[PDB]
Amino acid sequence: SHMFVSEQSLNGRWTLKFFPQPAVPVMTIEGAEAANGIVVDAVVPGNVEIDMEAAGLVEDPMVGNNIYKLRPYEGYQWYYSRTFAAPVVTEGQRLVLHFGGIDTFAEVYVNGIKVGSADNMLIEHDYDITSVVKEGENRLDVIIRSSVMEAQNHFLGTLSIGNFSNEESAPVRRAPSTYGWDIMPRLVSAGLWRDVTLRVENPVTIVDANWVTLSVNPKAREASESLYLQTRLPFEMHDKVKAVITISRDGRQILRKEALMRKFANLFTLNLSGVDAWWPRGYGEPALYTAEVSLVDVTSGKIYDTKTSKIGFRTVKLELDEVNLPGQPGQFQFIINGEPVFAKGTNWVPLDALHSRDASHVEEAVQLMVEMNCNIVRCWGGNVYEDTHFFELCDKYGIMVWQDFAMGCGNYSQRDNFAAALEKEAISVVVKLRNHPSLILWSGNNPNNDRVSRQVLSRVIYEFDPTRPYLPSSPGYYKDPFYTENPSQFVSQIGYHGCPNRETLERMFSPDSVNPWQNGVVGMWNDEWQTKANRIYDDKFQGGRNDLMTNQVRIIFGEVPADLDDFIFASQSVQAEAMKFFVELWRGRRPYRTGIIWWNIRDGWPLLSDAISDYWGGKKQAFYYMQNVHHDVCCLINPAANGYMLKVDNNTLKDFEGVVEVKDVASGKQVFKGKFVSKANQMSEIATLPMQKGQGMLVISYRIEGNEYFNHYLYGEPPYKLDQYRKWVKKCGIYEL
Amino acid sequence: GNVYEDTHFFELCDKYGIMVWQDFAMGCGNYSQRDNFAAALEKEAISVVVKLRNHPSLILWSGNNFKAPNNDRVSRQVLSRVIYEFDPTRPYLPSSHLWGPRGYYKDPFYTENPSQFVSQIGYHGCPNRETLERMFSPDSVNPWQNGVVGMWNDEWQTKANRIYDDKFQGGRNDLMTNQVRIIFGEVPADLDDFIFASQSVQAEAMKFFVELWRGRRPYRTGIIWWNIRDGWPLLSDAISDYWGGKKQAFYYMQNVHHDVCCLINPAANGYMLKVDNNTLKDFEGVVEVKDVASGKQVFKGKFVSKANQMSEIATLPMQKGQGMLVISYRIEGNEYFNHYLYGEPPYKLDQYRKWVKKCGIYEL
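Chains A and B supply the protein sequences, listed in that same order. In case it helps, PDB author numbering puts the first sequence at residues 19 to 464, 482 to 510, 536 to 797. In case it helps, PDB author numbering puts the second sequence at residues 400 to 464, 478 to 480, 482 to 509, 530 to 797.
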């Protein structure tokens, strides 16, 4: 809520002219209009393929093999054009042209005068157009060039060549997923994908307002907040402007402080009483307090600028482990407000390959994590750094955020030119997001000689966000020791494939390709089912990634069904049982295990993937299984050496009592019943269950404070009869077909 | 915080044999880590290092000074490299609350500090009357506004050095009255008695710090105390003001800074007479110590102060009440003087005035 004296939006209908890029790229307005190109109507914020799908220049990429048709456009230039009315500016004011997003390489012009050259699509771009704008109608021109051809202006190293990350993504500062991954299609795209506005700043204006929680005492309701305020203050306005700080919540004012501005930068130490701490889900309430800082004349009372934002009193600390694997990644635990929390959350992959539509999906996608009851989310470093509204929702619902810098799986350059570009990107995203109480950790992914992970990105966090930790390293049968014997305490659980819901299959595949098996032979996939498993490039082959779907249903259910509806139930149940087993395994192995970040809650494209929900909101069967093992207090069953083990886990700060009843669903015979006392923030073992005979399923019905919850545990050894598992599920009554 | 002094300053330090510890120009505060700031400091460091790397007095270069250090680029990288290439003869020190509770100078903070070399210790002292009348306007020469003792007028607040004219009462000036309150009980209303009060508390404190350090070598390796001279007419914790008004502590410190000096340090169940030798030559002499209140001699004997070490003479019996012990020692046909204030605070101010008169070492 940065109250600039004027903020006039420039979003709307623009004029897009695209043409193939020649040998030397076009960078001038003269060459842009002189090029033999194609002109259509565009929309900002938007992507070029959205504007081209309108007016019928290309078919829907979301459907069948229609994606690869966008290939020739990757070598096209894009010429956005517009005309705007300049606002009146008094002497001393500044007119700033704001760009929330520009994918990617581009030259910005105002009235035929270049105001800027771009080279990053993840950071915002602002330009001062005071001395170039005229009165009345002004023209705004943006000449975007081909991102793929920019990669050939650099010499890559041996390490940068041959990774899961496209070699074209290394020399350029763009989201690595765009160039094509295994969970997102290849769609480099282009265009102004975020807002474009005009801003009028006064000579006295707030450059930055950095809120920092130094200490917090949840009991007695106390906290110590700091305000690192940097302003632009003309010297004749020194000792004449006062800063007004206001902390309030639900209308009621908690704190108000006034101070005379005697310098451009100041630090205001605030010791508040009667304030609540910000907690993640389960460990308390996401208490937020509206923080406002204004610069106002001491004589006339005119408000030159005001910057408002909601903050949360919370301290984060990462406790390392130098006893079990000293130095190996995964031996840490998050401590929020002095309490060690258990993290149960998702990895955040792109919401759309056309990221201009991301903002419309954040509201519903965050709601998926609310019903899922995730207290943490890891924004993968292949997506684009999300905008304030994403973090605002995480602040609102108490979902901690683990942000990875947009770096690919492979190794990057160690020369000065790349490090300079990455430092600019890091400072921009850090200063933008360092005030959200949800954000708890920065990561550079990725020996330990990487300038990027162990120097460039660390130096930035050192000087601009010393309140959050920085980690310079990050990552058949689902009961195989490869999973059940993982050394990491904080784990990033690899996902299992799962066929999307039938309604999705009929919408993404052509009517003749909805059936997965080409020529009717089971085990073989048609070309469309091969592309929707993400085949970045159009190379015709058989099997590959899709074979994981049939391998899982073959290990668990013996044979893969020939019916599509039965194959859906098979692939979704093997995923539901696998991911439920992974969460129950880590929640039951506390206090050694510290957290689990599963992959993934939602996809960013109509594709066949390891997610538990597709791009169109189709919740797979695994989504509902996971919900019963993500409660604040949950009773589960783990495998033991000489039997089973009924446990309860508590992810809150309050104790709970209750009663649990475990019975065999098939027989109806009661295996165990009794009262349990689940102490807070720990795992408590109830009793050892005797080894049941044969195959079957045990239903768990436990009541806590007058509320009946349910869970189950499938015992025995695979393979199982598919129709008998369906029988067991319907008998439990917890989930539905 | 000061500029790099010119070549002439180091020429005098070469002439009079005063070693120089040069802090690089940076003050209480971490600095930038980006490339632009580092490029400017490499240029500044190379310039100042090449200019001063030929003066024998200069011995050491320094870089100066919640959520968890040694990661600073400038201190541990930019400057280090300049010293590595342009001056490998002098050692570089990465960085340098050493005053702590600025109350009683015998607090266990000062008394039991594990430091071998202290570089920051200082106490406040009201400047001489002649400078007070010169820096203050006639209506503000008296410090107590509206006649209320303990409350400073606006000009006295401005002269403790308010960087900005914020009308606030107290702050740094309260250190003057808090020290007089602990040592002498009450703050004198008369201006001449208050000047004698603050300068005496400063003199006894600073003398006690140099004594407690020279009296505990060789674990103690040095003592750099706070400013000797102010750079502007101001109420400060220095021992001489900008116009040359040498305060009381200047003369007290002068007697405990001799090449060979006899002093008394507090001990368990009594005191201890010691001698310190900061030369490479041995010395022999005789010391006579007697109470100034009664005149009763407490010790008299001959000592041998071996070179470059501290030697204990004998243990002194613990006196019962309050008073002062004058120290008179003779070395190679020269009489030197010192003293020691025993007892427990607070002390009667006019009584400490009497004891100083009896010693016959300092005036006022």
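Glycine residues also receive a C-beta, built at the ideal position from the N, C-alpha and C atoms.
Contact check, residue i vs residue j, beta carbons under 8 Å
{"i": "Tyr127 of chain A", "j": "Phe36 of chain A", "result": "no"}
{"i": "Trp398 of chain A", "j": "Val448 of chain A", "result": "no"}
{"i": "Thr564 of chain A", "j": "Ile85 of chain A", "result": "no"}
{"i": "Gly428 of chain A", "j": "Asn171 of chain A", "result": "no"}
{"i": "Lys260 of chain A", "j": "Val316 of chain A", "result": "yes"}
{"i": "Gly776 of chain A", "j": "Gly793 of chain A", "result": "no"}
{"i": "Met639 of chain B", "j": "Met609 of chain B", "result": "no"}
{"i": "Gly664 of chain A", "j": "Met202 of chain A", "result": "yes"}
{"i": "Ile661 of chain B", "j": "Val634 of chain B", "result": "no"}
{"i": "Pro304 of chain A", "j": "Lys132 of chain A", "result": "no"}
{"i": "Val693 of chain B", "j": "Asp670 of chain B", "result": "no"}
{"i": "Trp585 of chain B", "j": "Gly555 of chain B", "result": "no"}
{"i": "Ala41 of chain A", "j": "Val58 of chain A", "result": "no"}
{"i": "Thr333 of chain A", "j": "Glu310 of chain A", "result": "no"}
{"i": "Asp715 of chain A", "j": "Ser738 of chain A", "result": "yes"}
{"i": "residue 18 of chain A", "j": "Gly678 of chain A", "result": "Any question about residue 18 of chain A goes unanswered here, given that chain A covers just 19 to 797."}
Nonlocal neighbours in the same chain, by C-beta distance under 8 Å from residue i, ignoring five residues either side
{"i": "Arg567 of chain A", "result": "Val81, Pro666 and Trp676"}
{"i": "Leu285 of chain A", "result": "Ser244, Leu245, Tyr246 and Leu247"}
{"i": "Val574 of chain B", "result": "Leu565, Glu566 and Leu624"}
{"i": "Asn698 of chain B", "result": "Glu644, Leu645, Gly648, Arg649, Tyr704, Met705 and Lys707"}
{"i": "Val719 of chain B", "result": "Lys733, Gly734, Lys735, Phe736, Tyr762 and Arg763"}
{"i": "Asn741 of chain B", "result": "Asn710, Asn711, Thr712 and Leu713"}
Reduced DSSP category for residue i - H, G, I as helix; E, B as strand; rest coil
{"i": "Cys695 of chain A", "result": "strand"}
{"i": "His373 of chain A", "result": "helix"}
{"i": "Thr264 of chain A", "result": "strand"}
{"i": "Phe569 of chain B", "result": "coil"}
{"i": "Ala747 of chain B", "result": "strand"}
{"i": "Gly604 of chain A", "result": "helix"}
{"i": "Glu443 of chain B", "result": "helix"}
{"i": "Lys328 of chain A", "result": "strand"}
{"i": "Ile760 of chain A", "result": "strand"}
{"i": "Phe478 of chain B", "result": "coil"}
{"i": "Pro304 of chain A", "result": "strand"}
{"i": "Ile615 of chain A", "result": "helix"}
{"i": "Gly74 of chain A", "result": "helix"}
{"i": "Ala593 of chain B", "result": "coil"}
{"i": "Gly648 of chain A", "result": "helix"}
Chain-order list of residues whose beta-carbon lies under 6 Å from that of residue i (same chain, five-residue window excluded)
{"i": "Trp420 of chain A", "result": "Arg396 and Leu459"}
{"i": "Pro534 of chain B", "result": "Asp540 and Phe542"}
{"i": "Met255 of chain A", "result": "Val222"}
{"i": "residue 832 of chain A", "result": "With chain A running from 19 to 797 in the structure shown, residue 832 of chain A is simply not present."}
{"i": "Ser164 of chain A", "result": "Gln39 and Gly93"}
{"i": "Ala726 of chain A", "result": "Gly756"}
{"i": "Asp144 of chain A", "result": "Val114 and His116"}
Sequence-distant residues of the same chain with beta carbon closer than 7 Å to residue i, five excluded per side
{"i": "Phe22 of chain A", "result": "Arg217, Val218 and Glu219"}
Integer Cβ distance of residue i from residue j, believed to fall under 8 Å
{"i": "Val314 of chain A", "j": "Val262 of chain A", "result": "6 Å"}
{"i": "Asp69 of chain A", "j": "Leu34 of chain A", "result": "6 Å"}
{"i": "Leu696 of chain B", "j": "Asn767 of chain B", "result": "Not quite, the Cβ-Cβ distance comes to about 17 Å (not below 8 Å), so this is no contact."}
{"i": "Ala208 of chain A", "j": "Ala241 of chain A", "result": "So it is not a contact: roughly 45 Å between Cβ atoms."}
{"i": "residue 805 of chain A", "j": "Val359 of chain A", "result": "Because chain A in this structure spans residues 19 to 797, residue 805 of chain A falls outside the shown range and cannot be described."}
{"i": "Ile329 of chain A", "j": "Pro455 of chain A", "result": "6 Å"}
{"i": "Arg494 of chain A", "j": "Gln432 of chain B", "result": "5 Å"}
{"i": "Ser446 of chain B", "j": "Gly462 of chain B", "result": "So it is not a contact: roughly 16 Å between Cβ atoms."}
> Of all the residues that make up the region 221–247 of chain A, which are near chain B by a beta-carbon distance shorter than 8 Å?
Replying inline: Taking a C-beta cut-off of 8 Å against chain B, the contacting residues of the region 221–247 of chain A are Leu232, listed in chain order.
> Which residues, taken in chain order from the region 415–435 of chain B, show a beta carbon closer than 9 Å to some beta carbon of chain A?
Replying inline: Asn429, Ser431, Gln432, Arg433 and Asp434
>> Please list, in chain order, the residues of the region 591–614 of chain B that have any C-beta partner in chain A closer than 9 Å.
In response: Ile596, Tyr597, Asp598 and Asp599
> What are the residues of the region 703–735 of chain B that lie near chain A, defined by any Cβ-Cβ distance shorter than 8 Å?
Replying inline: none
> When you check each C-beta in the region 254–281 of chain A against every C-beta of chain B, which residues fall closer than 7 Å?
Replying inline: Considering only beta carbons, the part of the region 254–281 of chain A lying closer than 7 Å to chain B consists of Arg280, in chain order.
> Taking any Cβ of chain B, which residues in the region 329–345 of chain A have a Cβ under 9 Å from it, in chain order?
Replying inline: So the close ones are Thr333 and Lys335.
>> If the cut-off is 9 Å on Cβ atoms, which residues from the region 488–499 of chain A count as contacting chain B, listed in chain order?
In response: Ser493, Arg494, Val495, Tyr497 and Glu498
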